[PDB]
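Chemist: My structure is below; once you've seen it, I'll send some questions.
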Amino acid sequence: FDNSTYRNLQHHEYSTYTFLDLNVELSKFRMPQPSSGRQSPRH
Amino acid sequence: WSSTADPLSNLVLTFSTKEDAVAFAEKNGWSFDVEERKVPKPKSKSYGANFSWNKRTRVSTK
């Protein structure tokens, strides 16, 4: 147990694509999306 | 300038009902043509329809 150290140091090595790379990685875990019945409101 | 020769060019009369206008025209001896009143139909407006989940009425911008 200690309190002199800072543990949130991972964000020091994030690139510009970290968020979208994480989204791509998470794409495999999601449930199928619901469908409105059309391709677009303009269809 | 714009010249005319008929004295009734600017004559416009106002009546509350169509029957009064018809009576006036008949008693004055004028032949008339009557157009029925055109009233806008009652509309069905819904603000929430702008954001439909599946219908075509969902807007693309505000």
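Chain labels follow the order of the structure tokens: the first chain is A, the next B, and so on; residue numbering restarts at 1 in every chain, and ligands are counted from 1 in their shown order.
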What are the closest atom pairs, with distances in Å to one decimal, for each residue of chain A lying within 7 Å of chain B, using only C-alpha atoms, rows by chain and rising residue number, as CSV?

Modeler:
```
residue,atom,partner,partner_atom,distance
A:36,CA,B:54,CA,5.1
A:37,CA,B:54,CA,6.7
A:41,CA,B:56,CA,5.1
A:42,CA,B:56,CA,6.7
```

Chemist: Give the alpha helix (DSSP H) residues of stretch 18-61 of chain B, as assigned by DSSP on the backbone, as an MDAnalysis selection string.

Modeler: chainID B and resid 18:28

Chemist: Can you pull out every residue within 10 Å of stretch 10-23 of chain B, counting only C-alpha atoms, but drop anything in the same chain fewer than 3 positions away, and send it as number ranges by chain?

Modeler: B: 6-7, 26-37

Chemist: Residues as selected, N, CA, C and O atoms, written as a compact mmCIF listing (two decimals), in the first residue's frame, can you do that?

Modeler:
```txt
# COMPACT_ATOMS: atom_id res chain seq x y z
N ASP B 6 -64.37 52.76 -68.36
CA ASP B 6 -65.51 52.21 -67.65
C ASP B 6 -65.52 52.69 -66.21
O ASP B 6 -64.49 52.63 -65.53
N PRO B 7 -66.65 53.21 -65.72
CA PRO B 7 -66.67 53.78 -64.37
C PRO B 7 -66.59 52.75 -63.25
O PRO B 7 -66.29 53.14 -62.11
N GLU B 26 -78.70 40.54 -57.56
CA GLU B 26 -79.98 40.32 -58.22
C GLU B 26 -80.84 41.58 -58.21
O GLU B 26 -81.43 41.94 -59.24
N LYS B 27 -80.92 42.26 -57.07
CA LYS B 27 -81.76 43.45 -57.01
C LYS B 27 -81.18 44.60 -57.81
O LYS B 27 -81.93 45.50 -58.21
N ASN B 28 -79.88 44.60 -58.07
CA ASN B 28 -79.28 45.62 -58.93
C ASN B 28 -79.27 45.23 -60.40
O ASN B 28 -78.84 46.03 -61.23
N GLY B 29 -79.72 44.03 -60.74
CA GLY B 29 -79.81 43.62 -62.13
C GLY B 29 -78.52 43.15 -62.77
O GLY B 29 -78.47 43.04 -64.00
N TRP B 30 -77.49 42.88 -61.98
CA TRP B 30 -76.22 42.39 -62.52
C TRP B 30 -76.20 40.87 -62.52
O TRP B 30 -76.64 40.22 -61.57
N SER B 31 -75.69 40.30 -63.61
CA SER B 31 -75.45 38.86 -63.66
C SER B 31 -74.15 38.54 -62.95
O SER B 31 -73.14 39.23 -63.13
N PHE B 32 -74.16 37.48 -62.15
CA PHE B 32 -73.07 37.20 -61.24
C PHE B 32 -72.56 35.78 -61.42
O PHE B 32 -73.25 34.90 -61.93
N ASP B 33 -71.31 35.59 -61.00
CA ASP B 33 -70.70 34.28 -60.86
C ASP B 33 -70.12 34.18 -59.46
O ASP B 33 -69.36 35.05 -59.04
N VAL B 34 -70.49 33.12 -58.74
CA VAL B 34 -70.16 32.97 -57.33
C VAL B 34 -69.18 31.82 -57.17
O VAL B 34 -69.41 30.72 -57.68
N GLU B 35 -68.08 32.08 -56.46
CA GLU B 35 -67.08 31.07 -56.14
C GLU B 35 -67.21 30.70 -54.67
O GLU B 35 -67.22 31.58 -53.80
N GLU B 36 -67.29 29.40 -54.39
CA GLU B 36 -67.41 28.93 -53.02
C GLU B 36 -66.12 29.19 -52.24
O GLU B 36 -65.02 29.26 -52.79
N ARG B 37 -66.28 29.34 -50.93
CA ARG B 37 -65.15 29.61 -50.05
C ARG B 37 -64.20 28.42 -50.02
O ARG B 37 -64.63 27.27 -49.89
```

Chemist: Could you tell me how far atom CA of residue A:31 sits from atom CA of residue B:50, in Å to one decimal place?

Modeler: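 We find that atom CA of residue B:50 and atom CA of residue A:31 lie 28.1 Å from each other.
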